[PDB]
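K.L.:
Can you read through this structure? Questions will come right after.
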Protein chains: 2
Amino acid sequence: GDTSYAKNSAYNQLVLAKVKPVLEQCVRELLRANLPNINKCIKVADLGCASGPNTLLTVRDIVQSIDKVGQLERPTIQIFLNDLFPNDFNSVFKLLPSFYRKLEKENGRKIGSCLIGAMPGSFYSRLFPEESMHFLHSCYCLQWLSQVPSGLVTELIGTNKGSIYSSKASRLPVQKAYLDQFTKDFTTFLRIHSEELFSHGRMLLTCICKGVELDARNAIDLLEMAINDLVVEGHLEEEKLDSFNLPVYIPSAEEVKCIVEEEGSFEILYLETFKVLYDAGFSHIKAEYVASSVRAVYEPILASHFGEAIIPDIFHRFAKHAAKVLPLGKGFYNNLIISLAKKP
Amino acid sequence: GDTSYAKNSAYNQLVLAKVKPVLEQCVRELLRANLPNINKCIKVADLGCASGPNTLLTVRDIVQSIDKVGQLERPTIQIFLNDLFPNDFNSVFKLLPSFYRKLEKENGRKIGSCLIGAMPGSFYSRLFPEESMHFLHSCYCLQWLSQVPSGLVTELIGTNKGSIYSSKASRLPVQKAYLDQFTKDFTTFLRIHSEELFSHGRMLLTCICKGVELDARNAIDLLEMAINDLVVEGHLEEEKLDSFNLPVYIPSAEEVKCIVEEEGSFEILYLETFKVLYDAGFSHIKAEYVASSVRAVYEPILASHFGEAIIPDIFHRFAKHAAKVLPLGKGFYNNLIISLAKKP
Ligand SMILES: Nc1ncnc2c1ncn2[C@@H]1O[C@H](CSCC[C@H](N)C(=O)O)[C@@H](O)[C@H]1O
Ligand SMILES: Nc1ncnc2c1ncn2[C@@H]1O[C@H](CSCC[C@H](N)C(=O)O)[C@@H](O)[C@H]1O
Ligand SMILES: O=c1[nH]c(=O)c2ncn([C@H]3O[C@H](CO)[C@@H](O)[C@H]3O)c2[nH]1
Ligand SMILES: O=c1[nH]c(=O)c2ncn([C@H]3O[C@H](CO)[C@@H](O)[C@H]3O)c2[nH]1
């Protein structure tokens with residue numbers, strides 16, 4: 001589709017390009033760590049696999065990373081694609097036949113040696129039997145909380161005026177509520193997924209993290225500005241904004257690390273941050289290209305609260321704010337890659 | 001949908017009713033055979049899981065059979081649903097949330113202790129790592145061959161006149177070509193799925209098998225009659241019929257057993273045959289109900305060779321032939337259940 005996630009990735013390919021060498025070194029160390037039955041079958045999942053061409057590009061990179069180490073007879077790889085229950089697994093599955101052909105042709109890997117299946121559900125709950133997995137990988141998912149912060153939901157709400165998440169501009173109780181939820185969720189994710197890994201198993205996480213720059217503007221800041229424009233210009237109802245809170249938290253790298261250390265199950269092997277500028281994969285209606293990217297992510301949740309009607313409007317104003325920031329290199333996400341090993 | 005598989009099962013529920021006590025005794029013996037890590041996690045697959053309410057009813061029956069033995073803390077069950085790449089896994093996945101709630105409510109099984117995933121692909125090729133599974137279950141799937149018999153395809157065709165499969169009325173070379181393909185395919189299924197099972201792991205297969213009765217008429221015979229009606233009455237081309245061969249074989253119970261013994265990987269623990277009359281689930285346009293059941297299964301393949309147009313006509317004549325045979329109890333499938341243990 002014209003507006004779909006499948007046709008509106010490609011910034012994601014630049015992220016994946018950064019992850020790749022970390023991934024390769026991560027699996028290199030994991031194959032020499034010699035876990036149970038690893039030279040026979042390696043068991044792997046991707047948590048938050050989504051649906052487009054990008055999902056099989058991650059699998060491709062994971063498989064290539066494992067095969068690269070072969071420099072004996074290739075180990076079987078069993079890969080589980082995880083995502084929520086309503087994800088479009090059907091569209092991924094239909095693409096499998098040609099994908100497996102590509103592997104045979106381009107990679108030397110015989111059909112049946114790479115077994116790709118799905119395990120749907122929340123990655124804040126158990127997905128796999130205790131000590132069954134060698135390697136878990138997640139990219140661009142951990143910003144999504146299990147729920148709107150429970151302080152804005154169970155406690156007594158529309159306390160986050162003019163915003164849709166916790167900015168640096170947000171009131172103290174708003175930041176606290178979002179951090180508390182992140183902390184709960186990430187600690188649960190770490191605990192739960194350590195239980196699934198054999199000892200010395202590994203996780204590789206790539207997450208959006210807080211930018212340092214003053215004047216920097218991420219996609220959520222730009223969205224927030226876009227919606228504020230519509231309330232100020234009479235178009236949107238303005239307690240509709242105050243009652244809208246994304247279930248998203250963008251941590252700081254320091255906050256991610258503290259929680260890993262507090263949780264206690266994982267040793268941190270590697271940590272790095274990197275920016276990707278929103279217009280980096282492009283060729284200045286590059287602002288419109290960015291607006292389409294963000295919409296492919298945020299349209300469903302936005303639509304269901306604000307109505308299908310104002311979305312064109314949201315992403316028109318969005319483009320205007322993007323256009324101001326791109327020429328300065330101020331429109332980006334900052335990112336964090338972290339390699340963990342399960343401690344014995 | 002009105003014509004869909006999901007709304008056109010219920011004969012299948014009678015089959016499953018017959019399978020259940022065999023299933024139960026099968027898993028009872030399996031859990032005392034004490035395979036590797038079986039009291040911690042039991043790994044199970046349903047091969048040819050399809051898409052309707054029936055698919056989660058099989059899962060339900062498998063789970064209950066495992067929990068029934070607990071008469072210690074419930075083992076985790078990891079279940080893989082397998083079917084072909086284009087199957088509607090999406091629709092099954094959307095139902096999983098309520099299904100898991102049902103399990104917690106009605107079964108005492110806490111959420112996260114039953115992990116249901118999918119592994120798509122043909123069950124005549126490898127689906128799981130070697131010696132990784134405890135139990136595989138297949139019902140009503142083994143009729144379906146890997147291809148139209150290679151004799152009628154690679155060799156030099158339109159040799160099976162006025163038929164669509166191998167009847168007892170079929171010429172000798174037709175029966176030979178179909179039996180050769182069954183043998184190849186079923187042998188491959190056994191060999192391939194033994195390799196996946198731990199030693200002493202189990203398979204339970206429920207297959208359509210040949211009826212004994214003269215004058216008995218299964219759904220395929222009735223279809224064949226319906227199509228023959230249309231050529232004789234000028235409606236259908238009549239080399240369209242002679243070039244149409246289903247990739248379906250209905251074996252005799254003796255043929256299935258001989259192949260199990262020859263393949264040599266499995267010990268046969270239990271073998272039983274049973275009939276289900278096509279109108280058994282019904283409180284005499286019961287013939288129309290049967291015709292709809294059969295169409296839900298055979299419409300895609302019929303349509304793509306004969307055209308979407310004549311299908312109403314096919315199933316109108318079908319109903320007429322069904323109506324002659326149901327009052328006599330001559331419209332049924334005969335069925336075979338076989339319990340198998342992987343030999344050491
Ligand atoms: N709790 C959860 N469990 C599993 N998936 C989740 C989740 N919360 C969010 N997601 C999924 O996370 C995804 C973020 S987009 C996926 C990014 C992708 N891995 C890439 O690198 O390009 C969405 O598909 C969303 O549905
Ligand atoms: N080679 C193969 N691998 C996996 N599934 C197959 C297959 N050949 C046929 N099938 C599937 O087998 C199914 C038969 S209908 C399913 C019957 C179901 N198990 C029940 O008891 O009610 C179809 O869904 C078809 O798509
Ligand atoms: O804010 C988010 N949240 C996501 O899950 C997510 N997944 C991918 N992306 C990126 O989508 C665009 C790439 O086509 C890019 O602008 C990022 O916002 C995301 N941005
Ligand atoms: O010939 C087949 N082949 C099948 O795969 C199959 N799966 C289910 N059935 C049954 O479908 C009807 C039940 O609603 C019943 O008439 C059987 O044909 C099948 N009949």
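In the structure tokens, each chain is lettered A, B, ... as it comes, each chain's residues begin at 1, and ligands are numbered from 1 in order of appearance.
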Output as a short mmCIF file (atom, residue, chain, number, x, y, z; two decimals) with N, CA, C and O atoms, in the first residue's frame the set of chain A residues within 9 Å of chain B, with distances taken over only C-alpha atoms.
P.N.:
```cif
data_model
loop_
_atom_site.label_atom_id
_atom_site.label_comp_id
_atom_site.auth_asym_id
_atom_site.auth_seq_id
_atom_site.Cartn_x
_atom_site.Cartn_y
_atom_site.Cartn_z
N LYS A 40 24.75 -27.95 16.58
CA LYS A 40 23.78 -28.82 15.96
C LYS A 40 22.62 -27.94 15.52
O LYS A 40 22.38 -27.83 14.32
N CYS A 41 21.98 -27.27 16.48
CA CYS A 41 20.91 -26.29 16.18
C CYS A 41 21.06 -24.99 17.00
O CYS A 41 21.20 -25.04 18.24
N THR A 76 21.88 -26.07 11.86
CA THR A 76 20.48 -25.72 11.62
C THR A 76 20.21 -24.43 12.39
O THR A 76 20.75 -24.23 13.47
N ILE A 77 19.40 -23.54 11.81
CA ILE A 77 18.94 -22.36 12.56
C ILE A 77 17.40 -22.44 12.66
O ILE A 77 16.71 -22.57 11.65
N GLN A 78 16.88 -22.39 13.88
CA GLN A 78 15.45 -22.28 14.13
C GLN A 78 15.21 -20.85 14.61
O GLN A 78 15.70 -20.45 15.64
N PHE A 80 12.45 -17.69 15.48
CA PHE A 80 11.05 -17.40 15.80
C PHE A 80 10.84 -15.93 15.62
O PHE A 80 11.53 -15.09 16.22
N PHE A 85 -0.27 -10.24 18.44
CA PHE A 85 -1.33 -11.04 17.84
C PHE A 85 -1.99 -10.54 16.56
O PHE A 85 -2.35 -11.35 15.71
N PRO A 86 -2.22 -9.21 16.43
CA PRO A 86 -2.77 -8.73 15.15
C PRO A 86 -1.76 -8.39 14.04
O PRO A 86 -2.19 -7.96 12.99
N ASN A 87 -0.45 -8.58 14.27
CA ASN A 87 0.56 -8.38 13.22
C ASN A 87 0.22 -9.20 12.00
O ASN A 87 -0.49 -10.19 12.10
N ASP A 88 0.68 -8.75 10.83
CA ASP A 88 0.41 -9.45 9.58
C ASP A 88 1.51 -10.50 9.30
O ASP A 88 2.43 -10.29 8.52
N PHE A 89 1.37 -11.64 9.97
CA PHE A 89 2.27 -12.77 9.78
C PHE A 89 2.03 -13.42 8.44
O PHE A 89 2.95 -13.88 7.80
N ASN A 90 0.79 -13.40 7.99
CA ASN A 90 0.43 -13.98 6.70
C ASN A 90 1.29 -13.44 5.57
O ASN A 90 1.76 -14.20 4.72
N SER A 91 1.54 -12.13 5.59
CA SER A 91 2.33 -11.50 4.52
C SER A 91 3.82 -11.83 4.60
O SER A 91 4.51 -12.00 3.62
N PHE A 93 4.80 -14.77 5.78
CA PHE A 93 4.83 -16.20 5.51
C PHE A 93 4.81 -16.48 4.01
O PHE A 93 5.55 -17.32 3.51
N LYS A 94 3.97 -15.75 3.27
CA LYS A 94 3.90 -15.86 1.83
C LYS A 94 5.25 -15.61 1.12
O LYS A 94 5.54 -16.20 0.06
N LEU A 95 6.08 -14.76 1.72
CA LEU A 95 7.38 -14.40 1.20
C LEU A 95 8.45 -15.42 1.55
O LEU A 95 9.59 -15.29 1.09
N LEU A 96 8.10 -16.43 2.32
CA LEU A 96 9.10 -17.37 2.78
C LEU A 96 9.66 -18.24 1.66
O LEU A 96 10.83 -18.35 1.50
N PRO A 97 8.81 -18.81 0.83
CA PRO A 97 9.29 -19.62 -0.28
C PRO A 97 10.44 -18.99 -1.08
O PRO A 97 11.42 -19.68 -1.32
N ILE A 111 17.79 -25.84 1.64
CA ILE A 111 16.41 -25.63 2.12
C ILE A 111 16.08 -26.66 3.20
O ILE A 111 16.41 -27.83 3.07
N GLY A 112 15.49 -26.20 4.29
CA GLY A 112 15.28 -27.04 5.46
C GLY A 112 16.31 -26.83 6.56
O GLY A 112 16.13 -27.33 7.67
N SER A 113 17.40 -26.12 6.27
CA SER A 113 18.41 -25.85 7.30
C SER A 113 18.12 -24.53 8.04
O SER A 113 18.69 -24.23 9.08
N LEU A 115 14.82 -22.73 9.59
CA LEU A 115 13.42 -23.05 9.88
C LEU A 115 12.78 -21.86 10.56
O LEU A 115 13.08 -21.57 11.71
N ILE A 116 11.96 -21.11 9.82
CA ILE A 116 11.48 -19.84 10.28
C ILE A 116 10.00 -19.96 10.61
O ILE A 116 9.15 -20.23 9.73
N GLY A 117 9.69 -19.67 11.87
CA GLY A 117 8.34 -19.81 12.38
C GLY A 117 8.03 -18.57 13.18
O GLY A 117 8.80 -17.58 13.18
N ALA A 118 6.88 -18.59 13.82
CA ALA A 118 6.38 -17.43 14.49
C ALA A 118 5.92 -17.81 15.87
O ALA A 118 5.31 -18.88 16.07
N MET A 119 6.15 -16.89 16.80
CA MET A 119 5.60 -17.01 18.14
C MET A 119 5.02 -15.66 18.55
O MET A 119 5.78 -14.77 18.97
N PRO A 120 3.69 -15.45 18.34
CA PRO A 120 3.06 -14.18 18.59
C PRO A 120 2.80 -13.93 20.08
O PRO A 120 2.65 -14.86 20.87
N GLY A 121 2.74 -12.66 20.44
CA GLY A 121 2.36 -12.21 21.75
C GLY A 121 3.25 -11.07 22.19
O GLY A 121 4.30 -10.76 21.58
N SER A 125 5.79 -10.61 28.11
CA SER A 125 5.40 -11.84 28.77
C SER A 125 6.21 -13.00 28.19
O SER A 125 6.93 -12.84 27.22
N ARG A 126 6.18 -14.15 28.88
CA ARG A 126 6.95 -15.30 28.43
C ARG A 126 6.56 -15.74 27.00
O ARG A 126 5.39 -15.91 26.71
N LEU A 127 7.57 -15.94 26.14
CA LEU A 127 7.36 -16.47 24.78
C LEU A 127 7.95 -17.84 24.55
O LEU A 127 7.53 -18.50 23.62
N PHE A 128 8.90 -18.27 25.41
CA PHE A 128 9.62 -19.50 25.13
C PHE A 128 9.89 -20.29 26.41
O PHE A 128 10.01 -19.74 27.50
N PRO A 129 10.00 -21.61 26.26
CA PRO A 129 10.31 -22.41 27.45
C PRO A 129 11.62 -21.92 28.13
O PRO A 129 12.51 -21.30 27.50
N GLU A 130 11.68 -22.16 29.42
CA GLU A 130 12.88 -21.85 30.24
C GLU A 130 14.09 -22.52 29.65
O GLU A 130 14.02 -23.69 29.29
#
```
K.L.:
I want to know what sits within 10 Å of stretch 290-304 of chain B, based on only C-alpha atoms, with residues of the same chain fewer than 4 positions away left out; could you give that as number ranges by chain?
P.N.:
B: 2-12, 219-220, 222-223, 244, 246-247, 278-279, 282, 285-286, 308-312, 314-323, 326, 331
K.L.:
Write the residues you've just listed into a file as a compact mmCIF listing (two decimals), in the first residue's frame, and include N, CA, C and O atoms for each of them.
P.N.:
```txt
# COMPACT_ATOMS: atom_id res chain seq x y z
N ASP B 2 -19.93 -17.40 4.21
CA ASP B 2 -21.00 -18.38 3.95
C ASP B 2 -20.47 -19.69 3.35
O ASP B 2 -21.02 -20.76 3.61
N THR B 3 -19.41 -19.59 2.55
CA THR B 3 -18.91 -20.75 1.82
C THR B 3 -17.55 -21.25 2.36
O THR B 3 -16.99 -22.24 1.87
N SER B 4 -17.06 -20.55 3.39
CA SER B 4 -15.73 -20.77 3.98
C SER B 4 -15.59 -22.10 4.73
O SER B 4 -16.59 -22.72 5.12
N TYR B 5 -14.34 -22.54 4.93
CA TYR B 5 -14.01 -23.75 5.70
C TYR B 5 -14.43 -23.61 7.18
O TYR B 5 -15.00 -24.55 7.76
N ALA B 6 -14.14 -22.44 7.76
CA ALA B 6 -14.48 -22.08 9.14
C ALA B 6 -15.96 -22.31 9.53
O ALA B 6 -16.26 -22.81 10.62
N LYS B 7 -16.87 -21.92 8.62
CA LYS B 7 -18.32 -22.10 8.80
C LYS B 7 -18.87 -23.43 8.23
O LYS B 7 -20.08 -23.70 8.31
N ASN B 8 -17.97 -24.25 7.66
CA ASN B 8 -18.31 -25.55 7.02
C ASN B 8 -17.53 -26.80 7.50
O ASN B 8 -17.32 -27.76 6.75
N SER B 9 -17.12 -26.78 8.77
CA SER B 9 -16.66 -27.96 9.49
C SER B 9 -17.84 -28.59 10.27
O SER B 9 -19.00 -28.38 9.90
N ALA B 10 -17.56 -29.34 11.33
CA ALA B 10 -18.58 -29.97 12.18
C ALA B 10 -18.79 -31.46 11.93
O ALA B 10 -19.37 -32.19 12.76
N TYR B 11 -18.36 -31.92 10.75
CA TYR B 11 -18.23 -33.34 10.50
C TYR B 11 -16.90 -33.68 11.12
O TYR B 11 -16.73 -34.73 11.73
N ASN B 12 -15.98 -32.73 10.99
CA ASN B 12 -14.64 -32.81 11.58
C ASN B 12 -14.64 -32.88 13.09
O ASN B 12 -13.71 -33.43 13.67
N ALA B 219 -16.98 -38.68 -0.58
CA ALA B 219 -17.18 -37.36 -1.12
C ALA B 219 -16.54 -37.16 -2.51
O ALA B 219 -17.08 -36.45 -3.38
N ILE B 220 -15.38 -37.78 -2.72
CA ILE B 220 -14.72 -37.75 -4.02
C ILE B 220 -15.52 -38.53 -5.08
O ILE B 220 -15.80 -37.99 -6.17
N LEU B 222 -18.58 -38.97 -5.18
CA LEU B 222 -19.80 -38.19 -5.44
C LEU B 222 -19.52 -36.98 -6.30
O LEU B 222 -20.36 -36.57 -7.11
N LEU B 223 -18.35 -36.38 -6.07
CA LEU B 223 -17.86 -35.27 -6.86
C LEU B 223 -17.65 -35.73 -8.29
O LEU B 223 -18.04 -35.05 -9.22
N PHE B 244 -8.10 -33.75 -15.58
CA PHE B 244 -8.19 -33.31 -14.17
C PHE B 244 -7.95 -34.52 -13.30
O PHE B 244 -8.67 -35.50 -13.45
N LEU B 246 -7.01 -35.15 -9.13
CA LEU B 246 -6.76 -34.63 -7.78
C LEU B 246 -5.44 -35.16 -7.24
O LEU B 246 -5.07 -36.35 -7.46
N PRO B 247 -4.68 -34.31 -6.53
CA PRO B 247 -3.52 -34.87 -5.83
C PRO B 247 -3.91 -35.47 -4.48
O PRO B 247 -3.41 -35.06 -3.43
N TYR B 278 -21.72 -38.90 6.42
CA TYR B 278 -21.67 -37.46 6.11
C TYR B 278 -22.78 -36.63 6.73
O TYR B 278 -22.65 -35.43 6.87
N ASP B 279 -23.87 -37.27 7.11
CA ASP B 279 -24.99 -36.54 7.71
C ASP B 279 -25.17 -36.79 9.21
O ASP B 279 -26.25 -36.55 9.76
N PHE B 282 -26.14 -33.95 11.87
CA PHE B 282 -27.37 -33.23 11.51
C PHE B 282 -28.58 -33.79 12.20
O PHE B 282 -28.80 -35.01 12.18
N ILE B 285 -32.64 -32.10 2.92
CA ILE B 285 -31.67 -31.16 2.35
C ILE B 285 -30.40 -31.23 3.20
O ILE B 285 -29.59 -30.30 3.22
N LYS B 286 -30.25 -32.34 3.91
CA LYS B 286 -28.99 -32.68 4.55
C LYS B 286 -27.95 -32.93 3.48
O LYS B 286 -26.73 -32.84 3.73
N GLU B 308 -14.56 -20.64 -12.24
CA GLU B 308 -15.45 -20.30 -11.10
C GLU B 308 -16.93 -20.53 -11.39
O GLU B 308 -17.76 -20.59 -10.48
N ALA B 309 -17.26 -20.69 -12.67
CA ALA B 309 -18.64 -20.63 -13.14
C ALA B 309 -19.48 -21.86 -12.80
O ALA B 309 -20.62 -21.74 -12.34
N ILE B 310 -18.91 -23.05 -13.03
CA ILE B 310 -19.67 -24.31 -12.93
C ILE B 310 -19.73 -24.92 -11.54
O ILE B 310 -20.32 -25.98 -11.36
N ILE B 311 -19.15 -24.25 -10.57
CA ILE B 311 -19.13 -24.76 -9.21
C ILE B 311 -20.52 -24.90 -8.57
O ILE B 311 -20.82 -25.96 -8.02
N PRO B 312 -21.38 -23.85 -8.64
CA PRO B 312 -22.79 -24.06 -8.27
C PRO B 312 -23.41 -25.30 -8.94
O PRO B 312 -24.09 -26.09 -8.29
N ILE B 314 -21.74 -27.96 -10.18
CA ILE B 314 -21.08 -29.17 -9.66
C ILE B 314 -21.77 -29.61 -8.37
O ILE B 314 -22.17 -30.77 -8.25
N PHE B 315 -21.97 -28.66 -7.45
CA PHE B 315 -22.52 -28.98 -6.15
C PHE B 315 -24.03 -29.12 -6.08
O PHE B 315 -24.58 -29.60 -5.09
N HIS B 316 -24.70 -28.76 -7.17
CA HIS B 316 -26.12 -29.09 -7.31
C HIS B 316 -26.28 -30.57 -7.67
O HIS B 316 -27.01 -31.30 -7.00
N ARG B 317 -25.60 -31.01 -8.72
CA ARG B 317 -25.55 -32.44 -9.07
C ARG B 317 -25.00 -33.25 -7.91
O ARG B 317 -25.50 -34.31 -7.63
N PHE B 318 -23.98 -32.74 -7.23
CA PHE B 318 -23.43 -33.42 -6.06
C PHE B 318 -24.54 -33.74 -5.05
O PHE B 318 -24.64 -34.88 -4.59
N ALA B 319 -25.35 -32.74 -4.71
CA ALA B 319 -26.45 -32.89 -3.76
C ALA B 319 -27.42 -34.00 -4.18
O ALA B 319 -27.89 -34.75 -3.33
N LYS B 320 -27.70 -34.10 -5.48
CA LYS B 320 -28.57 -35.15 -6.00
C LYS B 320 -28.00 -36.56 -5.77
O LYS B 320 -28.73 -37.49 -5.42
N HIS B 321 -26.69 -36.72 -5.95
CA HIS B 321 -26.06 -38.01 -5.72
C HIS B 321 -25.92 -38.33 -4.24
O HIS B 321 -26.10 -39.46 -3.81
N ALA B 322 -25.63 -37.30 -3.45
CA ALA B 322 -25.59 -37.45 -2.00
C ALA B 322 -26.97 -37.89 -1.47
O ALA B 322 -27.06 -38.72 -0.58
N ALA B 323 -28.03 -37.35 -2.05
CA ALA B 323 -29.38 -37.60 -1.55
C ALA B 323 -29.78 -39.05 -1.73
O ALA B 323 -30.61 -39.57 -0.99
N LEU B 326 -27.28 -41.05 1.22
CA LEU B 326 -27.41 -40.83 2.66
C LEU B 326 -28.51 -41.68 3.37
O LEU B 326 -28.25 -42.24 4.44
N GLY B 331 -23.08 -42.93 2.27
CA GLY B 331 -22.24 -41.76 2.12
C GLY B 331 -21.47 -41.56 3.41
O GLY B 331 -22.03 -41.09 4.43
```
K.L.:
Could you list, as a count of residues only, every residue within 7 Å of stretch 339-342 of chain B, counting only C-alpha atoms and ignoring same-chain residues fewer than 2 positions away?
P.N.:
18
K.L.:
Suppose you want the space between atom CA of residue B:155 and atom CA of residue B:241; what is it in Å?
P.N.:
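About the pair atom CA of residue B:155 and atom CA of residue B:241: they are 18.8 Å apart.
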K.L.:
Can you pull out every residue with an atom within 6 Å of ligand 2? Use only C-alpha atoms and all ligand atoms and format it as a list in words.
P.N.:
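With only C-alpha atoms and all ligand atoms and a cut-off of 6 Å, ligand 2 is contacted by residues 12, 47, 48, 49, 50, 54, 82, 83, 84, 121, 122, 123, 124, 139, 140, 141 and 144 of chain B.
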K.L.:
Can you spit out the residues from that selection as a tab-separated table (two decimals), in the first residue's frame, using N, CA, C and O atoms?
P.N.:
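As written to disk, again36.tsv reads:
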```
chain	number	residue	atom	x	y	z
B	12	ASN	N	-15.98	-32.73	10.99
B	12	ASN	CA	-14.64	-32.81	11.58
B	12	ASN	C	-14.64	-32.88	13.09
B	12	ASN	O	-13.71	-33.43	13.67
B	47	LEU	N	0.13	-30.99	12.54
B	47	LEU	CA	0.52	-30.84	11.11
B	47	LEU	C	-0.70	-30.82	10.21
B	47	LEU	O	-1.43	-31.82	10.14
B	48	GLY	N	-0.94	-29.71	9.52
B	48	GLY	CA	-2.16	-29.55	8.73
B	48	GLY	C	-3.28	-28.99	9.61
B	48	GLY	O	-4.46	-29.42	9.56
B	49	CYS	N	-2.90	-28.00	10.41
B	49	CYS	CA	-3.77	-27.38	11.37
B	49	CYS	C	-4.92	-26.59	10.76
B	49	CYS	O	-5.88	-26.30	11.48
B	50	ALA	N	-4.85	-26.25	9.46
B	50	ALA	CA	-5.91	-25.43	8.79
B	50	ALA	C	-6.16	-24.12	9.53
B	50	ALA	O	-5.20	-23.50	10.05
B	54	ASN	N	-11.97	-25.38	14.35
B	54	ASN	CA	-11.43	-26.72	14.57
B	54	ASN	C	-9.97	-26.73	15.00
B	54	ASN	O	-9.51	-27.64	15.67
B	82	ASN	N	1.30	-26.13	12.23
B	82	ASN	CA	1.83	-26.15	10.88
B	82	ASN	C	0.71	-26.24	9.82
B	82	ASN	O	-0.20	-27.02	9.98
B	83	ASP	N	0.84	-25.46	8.76
B	83	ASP	CA	0.10	-25.61	7.51
B	83	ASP	C	0.85	-24.90	6.38
B	83	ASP	O	1.94	-24.34	6.60
B	84	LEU	N	0.31	-24.95	5.18
B	84	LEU	CA	1.05	-24.43	4.05
B	84	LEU	C	1.20	-22.90	4.16
B	84	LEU	O	0.41	-22.20	4.82
B	121	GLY	N	4.82	-24.37	6.15
B	121	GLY	CA	5.54	-25.20	5.19
B	121	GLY	C	4.88	-26.55	4.99
B	121	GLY	O	3.98	-26.96	5.77
B	122	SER	N	5.41	-27.29	4.00
B	122	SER	CA	4.85	-28.55	3.66
B	122	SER	C	5.27	-29.55	4.72
B	122	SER	O	6.41	-29.51	5.11
B	123	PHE	N	4.36	-30.42	5.17
B	123	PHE	CA	4.76	-31.50	6.07
B	123	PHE	C	5.45	-32.71	5.44
B	123	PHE	O	5.67	-33.72	6.11
B	124	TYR	N	5.74	-32.63	4.15
B	124	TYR	CA	6.62	-33.57	3.50
B	124	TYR	C	8.02	-33.05	3.43
B	124	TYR	O	8.83	-33.61	2.69
B	139	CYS	N	-4.31	-34.96	11.56
B	139	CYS	CA	-5.62	-35.48	11.26
B	139	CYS	C	-6.18	-34.90	9.96
B	139	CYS	O	-6.23	-33.69	9.79
B	140	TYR	N	-6.59	-35.78	9.04
B	140	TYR	CA	-7.25	-35.41	7.78
B	140	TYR	C	-6.39	-34.65	6.81
B	140	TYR	O	-6.91	-33.88	6.03
B	141	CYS	N	-5.10	-34.92	6.83
B	141	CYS	CA	-4.13	-34.19	6.02
B	141	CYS	C	-3.38	-35.07	5.05
B	141	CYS	O	-3.08	-34.64	3.94
B	144	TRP	N	-3.56	-35.78	1.17
B	144	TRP	CA	-3.13	-34.75	0.19
B	144	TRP	C	-1.73	-35.09	-0.17
B	144	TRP	O	-0.85	-35.13	0.70
```
K.L.:
Check stretch 87-243 of chain A with DSSP on the backbone and list each residue it calls alpha helix (DSSP H), as a tab-separated table (two decimals) with C-alpha atoms, in the first residue's frame.
P.N.:
```tsv
chain	number	residue	atom	x	y	z
A	89	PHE	CA	2.27	-12.77	9.78
A	90	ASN	CA	0.43	-13.98	6.70
A	91	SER	CA	2.33	-11.50	4.52
A	92	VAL	CA	5.66	-12.51	5.98
A	93	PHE	CA	4.83	-16.20	5.51
A	94	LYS	CA	3.90	-15.86	1.83
A	96	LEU	CA	9.10	-17.37	2.78
A	97	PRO	CA	9.29	-19.62	-0.28
A	98	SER	CA	11.34	-17.11	-2.30
A	99	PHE	CA	13.39	-16.09	0.74
A	100	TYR	CA	14.53	-19.70	1.31
A	101	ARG	CA	15.38	-19.92	-2.41
A	102	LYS	CA	17.50	-16.76	-2.08
A	103	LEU	CA	19.39	-18.42	0.86
A	104	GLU	CA	20.12	-21.53	-1.21
A	105	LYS	CA	21.24	-19.47	-4.19
A	106	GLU	CA	23.10	-16.55	-2.56
A	107	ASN	CA	24.18	-18.08	0.74
A	172	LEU	CA	7.88	16.42	36.90
A	173	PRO	CA	5.00	13.98	37.71
A	174	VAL	CA	4.61	13.17	33.98
A	175	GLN	CA	8.30	12.24	33.64
A	176	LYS	CA	8.12	10.20	36.82
A	177	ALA	CA	5.06	8.27	35.57
A	178	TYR	CA	6.63	7.46	32.20
A	179	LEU	CA	9.98	6.48	33.74
A	180	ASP	CA	8.23	4.32	36.29
A	181	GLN	CA	6.40	2.47	33.50
A	182	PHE	CA	9.55	2.07	31.37
A	183	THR	CA	11.39	0.77	34.41
A	184	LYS	CA	8.66	-1.76	35.17
A	185	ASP	CA	8.36	-2.93	31.58
A	186	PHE	CA	12.13	-3.12	30.75
A	187	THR	CA	12.91	-4.86	34.02
A	188	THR	CA	10.13	-7.43	33.21
A	189	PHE	CA	11.47	-7.88	29.65
A	190	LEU	CA	14.99	-8.49	30.94
A	191	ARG	CA	13.93	-10.86	33.72
A	192	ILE	CA	11.54	-12.83	31.52
A	193	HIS	CA	13.89	-13.21	28.59
A	194	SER	CA	16.91	-14.21	30.73
A	195	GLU	CA	14.78	-17.15	31.94
A	196	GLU	CA	14.32	-18.30	28.30
A	219	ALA	CA	9.67	12.34	15.27
A	220	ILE	CA	7.48	12.45	18.44
A	221	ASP	CA	8.52	16.12	19.15
A	222	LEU	CA	7.60	16.97	15.58
A	223	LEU	CA	4.27	15.15	15.87
A	224	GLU	CA	3.58	17.03	19.12
A	225	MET	CA	4.30	20.32	17.37
A	226	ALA	CA	2.07	19.27	14.47
A	227	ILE	CA	-0.91	18.53	16.77
A	228	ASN	CA	-0.35	21.72	18.87
A	229	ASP	CA	-0.51	23.69	15.60
A	230	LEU	CA	-4.01	22.32	15.03
A	231	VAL	CA	-5.34	23.23	18.50
A	232	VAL	CA	-3.90	26.77	18.32
```
